[PDB]
Each structure stands twice: as structure tokens, then as C-alpha cells.
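Visitor: Below you'll find the sequence and an experimental structure to go with it.
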Amino acid sequence: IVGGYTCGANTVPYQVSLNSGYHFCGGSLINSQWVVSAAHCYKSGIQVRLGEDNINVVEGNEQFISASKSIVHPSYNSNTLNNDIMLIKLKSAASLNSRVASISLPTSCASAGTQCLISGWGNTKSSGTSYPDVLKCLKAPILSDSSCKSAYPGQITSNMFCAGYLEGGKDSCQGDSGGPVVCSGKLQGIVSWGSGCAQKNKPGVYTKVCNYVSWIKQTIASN
Ligand SMILES: NC(=[NH2+])c1ccsc1
């Protein structure tokens, strides 16, 4: 997260870190046994880490649970990042509490102008690299589809939305992918892609979760 703020320990209780020896992506806990992330985060050997604040320190609220399976969206295209969504099942159910908690799926798609909370452990620099070890947060509005398509000609599908600031300076970044965009208490986006980070006229692009609620619910019900 570039240009954000330190969330505070365990203030984003649905935020997870996906670990394969090291943190590589975020995710969102949507029930005691399932996480939503980005399809481009797929890899073998994922451990889901819940209750984290500093990802390099065991502070006392963590649960580390290996994935039993992952399900990349059937229509994910890794070249265009269309349908950049996957589901990860935990081998055992997490113990839910005030600091490890699921986030609700949306009932309706959120509108341009709505404020959202974007979070992650990714790079905090638009030029160069610095990883923060504690969770960073950014409040950002959803941008209009027209301004999103104008920013990224030929690249925005109906399964993506832009959020952030066209002036630059505040954005998600590398290492935040797969993490949450929460608006009015519902998971509306997944950190997906952007050109650089926090660049002028290059806002963050996010997977449009509301398009996937039926697929998420049906997949969970049979897996
Ligand atoms: N600029 C962004 N929002 C971004 C997201 C993942 S990598 C870069």
C-alpha cells in the first residue's frame, strides 16, 4: 500500500496473508474454512495465516492453517487478468473471534463514489521497494467505469473496477494482490493489478466481487 496508514493490529480481522515460506499475496476470510484471493496468486503449497499484524513476528492472535485445495475461476485469463479470483479452502476451520473474522459477500455491486478500505502488506513505495511488516490501510473511492476505461484503454472488462486517486500518490501495490477492498462492510473488490503503483492517471484495478457471488456460493456448497 502506497500512501496509506498503519491499520492497527487486528483491526482488519478478515485480512489474511498467503504464505509459501514467505508472504506473497493477501486474501479475505469469507467463512471459517474459505478464503477469497486473486487467481494470479495461485500456487502450490499455500499456508493461510490469519490474525496477523507484523507478518515477521508471532504476537499471539495468529492461526496458521494449510490449504487443502484451491479453485481458480474457470474463466480466469492470466494474460488479461479477466476473472482474477480464486477460492482457497482451509484444511481445518479457523476459530473465529473478534480478531479473526469473516467478511460478508456483497448483496449488490457498489457504485462509483463509494468509499472503501483497501489493505495489505505490499510495497509502500511507488519508486523502489520497502515492505512494511505491519498491515497498511488505505481509504479510497471507487472510480467511474468511464474514468477507469479512459485510464486503461482496451484493458478494463466488466469484471474489473478502478479505485483510488487519479492524481496518484495513494494506491495498492505489489504484494497487496489478492487482498480485500471492503465497502460498507462488504467485500466488493480483490486487489488485482495496475501500471506501477500510485502513478498519476493509473489507479488500482480490482476484481469485481459482486459478479462472482453465485459462483462463490455454489463452489463452497459442493467443495
Ligand atoms: N497499482 C496497483 N494497484 C497494483 C496492484 C497490484 S500490483 C499494482
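Guide: Cool, the structure landed. Numbering: from 1, shown residues only.

Visitor: who touches residue 98 in this structure?
Guide: With contact taken as C-beta atoms under 8 Å, 6 or more residues apart in numbering, residue 98 is in contact with 10, 13. No exception for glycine: its C-beta is placed from N, CA and C like everyone else's.

Visitor: In three-state terms, label it for me.
Guide: With DSSP: H, G, I helix; E, B strand; the rest coil as the basis, the three-state label of residue 98 is coil.

Visitor: The residue nearest to residue 144 when sequence neighbours are not counted and residue 130: what is the separation?
Guide: Across the structure, with C-beta to C-beta, 6 or more residues apart in numbering as the measure, the residue nearest residue 144 apart from its sequence neighbours is residue 112 (4.2 Å). In this structure, residue 112 and residue 130 are separated by 31 Å, where distance is defined by C-beta to C-beta, to the nearest Å.

Visitor: Alongside the ligand, which residues does the chain contribute?
Guide: 171, 172, 173, 174, 176, 177, 191, 193, 194, 197, 204 (C-beta under 6 Å from any ligand atom).

Visitor: packing partners for whichever helix or strand residue 214 is part of?
Guide: Per DSSP states H and E: residue 214 is located in helix 213-221. In terms of contact count using 3 or more C-beta pairs under 8 Å, 6 or more residues apart in numbering; DSSP states H and E, helix 213-221 is assigned the packing partners strand 86-90.

Visitor: who touches the spatially most central residue of the chain in this structure?
Guide: Against the mean C-alpha coordinate of the chain, by C-alpha atoms, centre = their mean, the closest residue is residue 179 at 1.6 Å. Residue 179 makes contact with 15, 25-28, 37, 118-120, 122, 172, 190-191, according to C-beta under 8 Å, 6+ apart.

Visitor: how about residue 49, secondary structure?
Guide: For residue 49, the secondary structure call by three-state DSSP comes out as strand.

Visitor: could you say which helix or strand contains the nearest residue to it once chain neighbours are set aside?
Guide: Excluding the flanking residues, the one nearest residue 49 by C-beta to C-beta, 6+ apart is residue 17, at 4.3 Å. When secondary structure is defined using DSSP H and E, the element that contains residue 17 is strand 15-19.

Visitor: Restrict that strand to CA atoms and write it as CSV.
Guide: Listed in CSV are the C-alpha atoms of strand 15-19, where the atom choice follows Å, rounded to 0.1, in the frame of the first residue of the first chain:
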residue,chain,number,x,y,z
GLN,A,15,-7.4,-9.9,6.2
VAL,A,16,-5.2,-13.0,5.6
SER,A,17,-1.6,-13.5,4.4
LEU,A,18,-0.9,-16.3,2.0
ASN,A,19,2.5,-17.8,2.9
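
Visitor: For it, which strands pair with it and how are they oriented?
Guide: For strand 15-19, the paired strands and their directions (DSSP bridges) are strand 23-31 (antiparallel), strand 47-50 (antiparallel).

Visitor: And the contacts of that strand?
Guide: Here strand 15-19 makes contact (C-beta under 8 Å, 6+ apart) with 23-29, 35, 37, 41, 46-50, 52, 55, 64, 88, 119-121, 135, 178-180.

Visitor: Also stretch 2-12?
Guide: Stretch 2-12 has contacts (C-beta under 8 Å, 6+ apart) with 51, 53, 59, 61, 98-99, 117-119, 123-126, 132, 134-138, 169-173, 180, 197-198.
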